[PDB]
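Protein chains in written order, with the entry's author numbering: chain T, 1 to 12; chain A, 147 to 230.
Even for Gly, the Cβ is constructed at its ideal location relative to N, Cα and C.
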Amino acid sequence: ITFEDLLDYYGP
Amino acid sequence: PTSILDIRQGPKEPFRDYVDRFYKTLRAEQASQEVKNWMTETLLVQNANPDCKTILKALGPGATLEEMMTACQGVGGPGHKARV
C-alpha cells in the first residue's frame, strides 16, 4: 500500500 | 519516534495500532510524497512483527489496507481480559 492509501483510510 | 524509521510493531501489538502509529509518524516526516509512498510500500510490512510480517507477505503487493487489517486480526491477541 501507499501513503495515499493511509491518507484515504484515516483521512481525508 | 521522531523518525518513521523508528516505528516498529510491538511483539504483541495489534496490527491496527501499529499502522496508526506508523501513519501518524509518517505524516510528520519531512520527505516528498513519492518518498512517503515508497516508505509505506516497504517499511510498513518490513517493520511489522514476525507473525504479521508473514501474513502480509502472503497477501501479496496488491493487498489493500483493509485486507491486511482483516488478515492480521487476532495476531498477538485476542487481547481480551481474562474472565475469572
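Proximity below 8 Å, CB of residue i to CB of residue j
| i | j | result |
| --- | --- | --- |
| A:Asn-193 | A:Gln-219 | no |
| A:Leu-211 | T:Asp-5 | yes |
| A:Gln-179 | T:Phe-3 | yes |
| A:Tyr-164 | T:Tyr-10 | no |
CB contact check: residue i to chain T, cutoff 8 Å
| i | result |
| --- | --- |
| A:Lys-227 | no |
| A:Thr-200 | no |
| A:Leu-205 | no |
| A:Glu-187 | yes |
| A:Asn-183 | yes |
| A:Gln-176 | no |
Where residue i falls: helix, strand or coil (DSSP)
| i | result |
| --- | --- |
| A:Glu-213 | helix |
| A:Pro-196 | helix |
| A:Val-165 | helix |
| A:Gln-179 | helix |
| A:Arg-154 | coil |
| A:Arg-173 | helix |
| A:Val-191 | helix |
Inter-residue CB distance, residue i and residue j (contact presumed, cutoff 8 Å)
| i | j | result |
| --- | --- | --- |
| T:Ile-1 | A:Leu-190 | 7 Å |
Open item on the list: Count Cβ pairs between the segment 190-207 of chain A and the segment 155-165 of chain A that sit closer than 8 Å; are there 3 or more?
Closed with: yes
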